[PDB]
Structures are given as structure tokens and as C-alpha cells.
């Protein structure tokens, strides 16, 4: 347009400069003053801008000086008697050309052209152009003139077009000089100085040297180590493959072209290089999106770990390739296109050129919204909510120091993930959007190379930031350069009567003793862990023996979950110093007295109490096909010796340490509650007549193996018939870790086909048998904790202490009887209305003699 004409012709200067005539000018052709003094020129500038510039101004202030000049130029023309009829006759493109003449020479200067202005009015475009070309004006600056003259002749912007537009390519350079040639056939060295091509060759070589091994090692090591093979890591493996396509297909070809200075492989090579570079980048993009989604759901909700198998991971990796091809395929298919970008040694999508045939307009918007903004929102939302959740969780437990340092590591890596994503895709998003809005303006080849730097650099630092920073991957990669617990490999539980059991450590310095594995949990109080620890004085000398009580909520795998930017949450933790003893135990138990006399002098007692806000020992049931999936709450009593002081728990010596799993179990209380009775009445929209139902049980509390009678009285006063009645025992498993989540899986059910007619009643008692044996080989069933691998029963109903301050975190189980009714629908026989009501009951272990 007019702005781009005069900006390129005159040139935009931020400071004051002398023009060809030698007069003080600033910005685009703005005369400050004719005064000879340099200070006088700055003074006339200062008043124009409105502040103390000191011969330096911005472009927006210069755009204001230009607008006042154009608004006044349209006047001086209309004011002039010779210029106005010409101005009125000529169209908007040729009017811009006339303003250029008046802007440069002035009102009196343009008035000297009589025959030129005459022929333009008469629509003689051929004769007026020769007139302007043979004049003094052309001889002075034929560079500027010829662009203005061609405008009069053609009536187009072809003269003021930004760069040479070929059919298969776009070069950001003017062919006015005539030096522009095809990037497929001839060298492009006229664009920038030849050393910058060898610079790119050195840069693209560096990305191959660094990129190929880093990404290849990710895949190579995972084949060797079976540990790394996990559904969650599948998305991180996709990132390695994604980055390899950029290196192999993209950077290797881009290297060879940057060697010679132009694109040797032709349009065929440009399509495939542009395809792989786009695909490899777009796969890498959505991999991090799916990774962000996967990390958000898996950690926050421990139930989802169970649900997340190979199928869900494959679904994530496939989705990536679908969205990747959504970006990469259409330029090949013809929507937009693949052309050489920047120095034209590297091919990429066409964001800068507006081509209406291939519709770059829709593709860039499609790119900006679908393939940029949506990944940006999701990643910032997922990792943003992820820190928000951990910040909330760490705020609850301020006592556990391990949960505090994790939150520190979480916030660290997320900020790095933000920075990694921002450095990569913002340059393209800024530039392509700027070019789309500012398309009238011109941009060089180096302008497009700056975003190309960062996205191609992401093939290096995204592997490092996402993979190398992860602890499980980092450790395995070290063992690869190293080219390669085993010594001891002994961890057994023994037993002797005097019934007591013990366990010896690996180094056999610290030996622990305990009374019983199952500790009875009452409502008011809890039965504490009682026992002793035999310490070897020779092996443990000048060291610190400790004992712990670890209540840990366990979900998923030890390796990958800890790698997952956080680790499994320790629910409760306690510590006591065993040796050397500080003071002594005020009162011992009958067990401790026996073991002290039985064992030698180096034995020391300990006692570990439980608070009232802890859950029971509960684990979720895995399916037979599910091997590595593991989730549940469990209690662990550990003992160890260490040189380091009390605070260090996360890191301890494995050889000195010894541990034994225990249970916290609730037996059924002596008081069986009142006879459960539920009652409800139901109606319809068309039919307003009532339907009464009354459920009744025998006991409030039931035992495992005990039959549950459900007495149901269906009183039918309505017009419809009841087809069948179904009773169901349903197991509510309320999981509280980062959030409260209710999950209902029916454990047992019985039904009957007895029909109930209108104005007729039926009383029926159906027995249900809630046993695990029938429910074996299922998913998500809550079970009582099993010592080792032994047979266990369905999870006991968890009783919470009345009136407590802290929220109970863990797996909280509850049962109820759902009496389901199937009634014939009013519209049709096939139509049906399922009605149901619930009543709670307890299922727990009996108290032994």
C-alpha cells in the first residue's frame, strides 16, 4: 500500500539523517527544519514529538508524523487546480503513486509536470509513462521512479510486491536487480553473506551430532531394560521417535543443502523434508500434550492407574499420529504447501505467503488454533492444576518432610516444562501471526530463520528436559555408559515360639522382633506396635539405629511413579531412636520383658502408637492379565542403622535396613445396630398414583460368609405391572488421596421374575452371598490386605472415629443393598422405568475368642 511504498523507497530512520539533497530528515521523509545548527534540528524535532528525544525516536511516533503528512498531502493535491482532477480521475492504486510524487518533490515540484498529468486524466497510461521516464525525475533516481512509473502503466502493486513469487516457491528478495533465481536449480547466496550458509551447515550438523544419539539411546536402552517398558513411558518413547524424524529426514537433508547453498533435491525432496520436519515436530508436540494429560490423571486419581493399561497408552500414541498427520498431510494434499523457508535451504510449511489457490489463510488459522493454542492451553492447564493439587496436598501434611521437598521438585520441573514449550513454539506463533497481520510489510530470510532455530533446537532440549531429567531414565542411561543388592539378595521372614516372629537385616547387624502382624484397630484407640530390636555392637559402632512406622498409600509401580515428578504419598510416619538410647522407656510390656531376658544385653525396646485419622489395610484387586499393576494401602515397620542424623529417611543404607509388613484391621464391634429399614414412594408424570416399597434387613452388621436376607415389600397401587425385582450388594470404595472419589462395583446380586399386578402386594425375602470367590479375576474390587500372597476376604467396612479434625486419607470402604425394580414403561412394553433405593450395612470380621 501507500505506507509500504514510501517506507521502502525513502527508508525508515530512527535517528536524524541527511537525505540525498542533504537536508535534515527523520523517519520516513519528514523534514524537521532547514536551520544549519544541529541543536536547532533537535529542537524542531523535540516539539514535533513532544519530549526530549536527543535525536532518537520510536516507529509509532514516526507513524503519527507520517499520518499527518498523508492527511495534509491529500489536501495540497486537492487544493492545487492541476492535481485535483488527476487525483479524482485516477483510481486508489494510481492515487498512491501520485502522493508518492507529491510527498517527495512537493506541490511546486509536481506542478512542473504538465503533459504527464494531462495524459493520466485522459487514461493514456502508455504515453504518460514514457513522459515520466524520459524526464529529469527518472534520471535522478531511476530506482524509485521506475516503481512509480510501472504503477501508472499496469495499475497494480506488482512493482511494490515484497519478494519474488514463483509457482513452486517464494524468495524474500526483490527481482528488480534481476539476480533472483530458483532455489531448486541455482544458488541463493544473494540473500545473505555466504558465511551464514556454512554457519547453518555447522548448526544443522550439531543438531545431528547431539540429536541422533540422545533420541536413539532412549529407544536403545528401553529395549535392553524391561524396567522402562511401561504404559506411561510409551508417550515418552513416541517423543524419541518424533525427534528422530526431524534429525534423520529433516536435518540431514537440510545439512546437505546448506553445504551447497541451495536446495539440490528439488520439489520432490522439499515435500518429503517438509513432511518429516512437520510430522516429527507435530508428533513431538502432541506427545507432550498427552504426557501432560496422562501425568495429571494418573497421579491425582490412583484408581486411574489400574484403568490405565497398554490400550490407553496406545490410544494416546495413536491420537498423536492422527493429529500429527492432520498438520503434516494437507500441504502434500494441496491445502497450503511445502516450500523452502528462510535462506531456502530448508523446507517447511508456508505461513508467510498468502496463496488463495492452496488457501494458506485457513491453514494458518487452523495451525494457530488447533495445533498451537489448544496444546498450549492443555499443557498449561494440566501441569498448572498438577502443581495446584500438590500444593494443596503438601499443605495438609506439613509434618512429612519428604512430601515437602517433592513439591519443590514439582514446581521446578513444571516451570522448566513451561519454558521448554514457550521457547519452542512461541517464535513460530509470534512470527507467523505477525506476518499474517503485517503481510503488507516485508521480511528478510533471517527473520524466518530465528523461529527455525528454536523449533529445531527443541529436538535437543525437549528430549533432555522430559527424559534425561526423569530419574528412572537418567539412571538406566548411566548404566549403559557404565555397561552394566545382588550380593545379599536375601530377605526372609522367620518364626519361633517362646507365637513370635523376627527378621534379620542384609548385613545382619540390626535384627527386629514383633508380637503380631495383625494389629486390632478399635474406634476410640488403636493397638500400638510392640517389640524389640537386637543390635550388633561390633557392626554398629558410633552409628544411629532407628525404628519407623510407615503408613503408605501405594499406587502403580515404584520406579515409574517416583520418576513421575512426584512419588507415592506417605500417609503417616513416625520415628523413635532405638540406639543409642536417649533416657529410657518408662514402662515396658509383657512381651518386651520376655524378649529382653531371652536375648542378650544389646537388645533395646520400642513402641509405636497410631493416631485416630488413619485407615485400615486395604488393597484393590488386579485382574489375572494385569501383571505389573499394583495399588493399595499398607503399613510397614522398618528398622535401620545410619551414620547420618535423624532427618534423613528418603535415603538409607539397604544393607543395614530391615522391614516387615503389618496390618491395621478393624473387627466388628459388640453392638449390632438397629434392624435396617428403608422406605420410599414413587410416582409418574402421566400416572400420579403412588408406588410404595419397604426394604428390611435382619442385622445391621454382617460377617464374612454370613448370608444376608433382604426382605422386600412391594406395594403396588399404580396402573403399571412390575416385571422383575433385582437385589444387589454394592461395594462403595471411597478413595481419598488428592481428591475424594467414590467407585461402585456390585459384589453380589440376586433377582426374581415374580410379577406384581396393580392393586396387589408382594412380600419376598431374597438371600445374597457376598463372597470373593465368585468375584475373583475382576477389576477394582476392594480387598483386605494380604500378608505376602495369602488368600484374603473382601474389604471390611471402615469405621471412622466420631468427631475428628483431620480428614481421613486412604481407601474407605462402605457397603449397601440396592433393591432394583424393573417396571413396564407407560409408552410401551419395551420401554421400562428402572427404580431403586439403597440401605447401608456393615460387613466386617468377627471378634475371636
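Positions refer to the first chain, counted from 1.
The modelled chain is continuous from residue 645 to residue 646, since every residue of the deposited sequence in that stretch has coordinates. Coordinates are absent for 4 to 9 residues of the deposited sequence placed between residue 484 and residue 485. Stretches compared: 142 to 150, 734 to 742. Higher mean C-alpha B-factor in the entry: 142 to 150. In this entry, 327 to 335 has the higher mean Cα B-factor, the comparison being between 327 to 335 and 664 to 672. For the set 780, 29, 785, 810, the maximum C-alpha B-factor listed in the entry falls on 29.
Ranking 503, 629, 355, 755 by the C-alpha B-factor listed in the PDB entry places 355 at the top. For residue 834, the recorded CA temperature factor ranks within the middle third of the chain's modelled residues.
In the PDB entry, a CA B factor belonging to the highest third of its chain's modelled residues is recorded for residue 127. Among all modelled residues in its chain, residue 817 ranks in the lowest third by Cα B-factor. The entry lists a Cα temperature factor for residue 763 that places it in the middle third of the chain's modelled residues.
For residue 157, the recorded CA B-factor ranks within the highest third of the chain. Only modelled residues enter the ranking.
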